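A quick write-up on the structure given underneath.
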Amino acid sequence: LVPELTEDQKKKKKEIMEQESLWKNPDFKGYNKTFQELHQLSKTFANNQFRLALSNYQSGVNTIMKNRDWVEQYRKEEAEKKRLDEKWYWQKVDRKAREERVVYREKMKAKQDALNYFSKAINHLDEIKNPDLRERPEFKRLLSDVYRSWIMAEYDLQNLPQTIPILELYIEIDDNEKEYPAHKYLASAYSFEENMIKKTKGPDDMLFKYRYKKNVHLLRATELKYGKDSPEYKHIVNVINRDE
Amino acid sequence: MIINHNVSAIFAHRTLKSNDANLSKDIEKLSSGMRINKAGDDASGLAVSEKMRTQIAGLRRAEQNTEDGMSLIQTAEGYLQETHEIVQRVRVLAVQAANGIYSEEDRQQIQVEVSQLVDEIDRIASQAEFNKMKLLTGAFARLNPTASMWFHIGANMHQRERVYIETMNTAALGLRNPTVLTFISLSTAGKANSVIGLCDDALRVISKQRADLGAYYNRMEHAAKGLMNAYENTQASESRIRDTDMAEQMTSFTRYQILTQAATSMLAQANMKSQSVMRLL
């Protein structure tokens, strides 16, 4: 995460190492944890947490990629295998349905595993408590990648409401607000929340706030992709005006 | 004859003193019921007897420790009985929910009970206790423990055995994600089908844990019986060394009592002896 010059500072650091040498005790455990917990603001702790989060993120991305490769290979192998008992069309339809079931189950399993890895990475990055080090470009890049991967996996597992806080955190990193897929995901998730409030006869304030959020983010996604004063933008304005 | 001193009287008194001391020692053995009452009687016998007395007091205490240990193990296996019946109930609900004749509302009504049963599993795990000590949370597990449970089942320094109890909540049973904290759902026929396999694994983990505790319990029963056997043998050994035989000791008391009377009579005779020559003046 961070790569770890004044003569006075060098002298201070030398005297600190000299002090630490006198009180060398590998078996020391601080009864009061506050001074030890000050290490969470150090560079070494930040680098270790960054590396742990990176390892978890690579594990999740690898899981997704291996699932895609496995699905491609399974389709190819099933296509290249001889079927000497298959002579009707409905048998081929049934075989295709069975293959689709297998592929779907494998995809969901892999998505669940990758989401576990992404959640572990999120937790690892969460415990970096230095505001200065959280502003580094590398931290922002890794955080955006982890948030994006978690959002897509969670959406694929049909857990739409859980994506909203992560998407809102995402659109505040750098210029991530300018990306239209984030707003498309937000519009879908807010639509799900509004439909849930509608079907459960929940409070009207919740319904109105969810509908307003969905309309705002749908309009923003339409503007970001097709541009202002476009046929798509005019159509979306018409839909929003009719809905509200 | 000599009158200034009486040699016969000195001999009779000297014998009387020895007999009287021996009489006191016989009284002490008869009044207390112990063959050795002072270190001067038999030093090695007193040493071995007191060591066996430490062993005897230890063997009852060690036996009492073993019964208390069996109470803990029995208490733990009582809690797991309720966990097993809840997972069996969830397992039979999953079979019903997997049938295709049901709609979304019926499956949600099944999930309503599922949520309560999962919460009851978690409550059992959290609140199971022996003497204000939690048992099913994982503190005594083999991997990453926060505590160790040792039963001291002997009368000496290092005679202790270890017992492990593993985590028995929903996360440990495979019924809840330990990172996301979401648990099983029967609200869909496809998910209900997957739960049938998950319940089987959970029942397998509970069944293995009950078999472990049953093994610990059976072992402590064998040790408790041996501890009772060892105490009986040690007390027999200590009794033979330390306790006096009343019948044999009463014979010794009567011999010395008669000896004291005979010497007393002779002392009286010796004192009158010198008066014989007084008639010569």
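Taken together, B:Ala147, B:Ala125 contain a single residue that is of a type outside the set (S, T, N, Q) and assigned to a loop (DSSP other than H, G, I, E, B), which is B:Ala147.
Only one entry in B:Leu143, B:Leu136 is crowded, with 18+ Cβ neighbours inside 10 Å, more than 14 Å from chain A (Cβ to nearest Cβ) and farther than 18 Å from B:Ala94 by Cβ, namely B:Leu136.
Yes/no matrix, rows are residues, columns are (1) at positive phi; (2) surrounded by 15 or more Cβ atoms within 10 Å (Cβ to Cβ); (3) more than 31 Å from the chain's Cα centre (by Cα):
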{"position": "B:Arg35", "(1), (2), (3)": "no, yes, no"}
{"position": "B:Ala47", "(1), (2), (3)": "no, no, no"}
{"position": "B:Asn65", "(1), (2), (3)": "no, yes, no"}
{"position": "B:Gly78", "(1), (2), (3)": "no, no, no"}
{"position": "B:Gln88", "(1), (2), (3)": "no, no, yes"}
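May I ask you to verify whether A:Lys129 is among the charged types (D, E, K, R), under 30 Å from A:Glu78 (Cα atoms) and surrounded by fewer than 18 Cβ atoms within 10 Å (Cβ to Cβ)? So A:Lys129 fails the test. So is B:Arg255 basic (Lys, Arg), surrounded by fewer than 17 Cβ atoms within 10 Å (Cβ to Cβ) and more than 30 Å from B:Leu136 (Cα to Cα) or not? Yes; evaluated as a whole, the condition is true for this residue. Taking segment A:31-140 as the region of interest, the helices (runs of 4 or more DSSP H) fully inside it that hold 2 or more residues being within 14 Å of chain B (Cβ to nearest Cβ) are A:43-79, A:89-126. Scanning segment B:163-186 for residues that are within 12 Å of chain A (Cβ to nearest Cβ) and surrounded by 17 or more Cβ atoms within 10 Å (Cβ to Cβ) yields a count of 1.
If you go through segment A:141-155 and keep only what is touching a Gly at 6+ places or on another chain (Cβ under 8 Å) and within 14 Å of chain B (Cβ to nearest Cβ), you end up with just A:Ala153. The requirement of being closer than 14 Å to B:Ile73 by Cβ, in the same structural domain as B:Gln88 (by TED's automatic domain parsing) and of a type outside the set (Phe, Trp, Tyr) is not satisfied by B:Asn156.
All of this is worked out from the model, or read from it or from the source named; these are not laboratory values. Cβ: placed from backbone, ideal geometry, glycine included. Neighbour counts: every protein chain shown.
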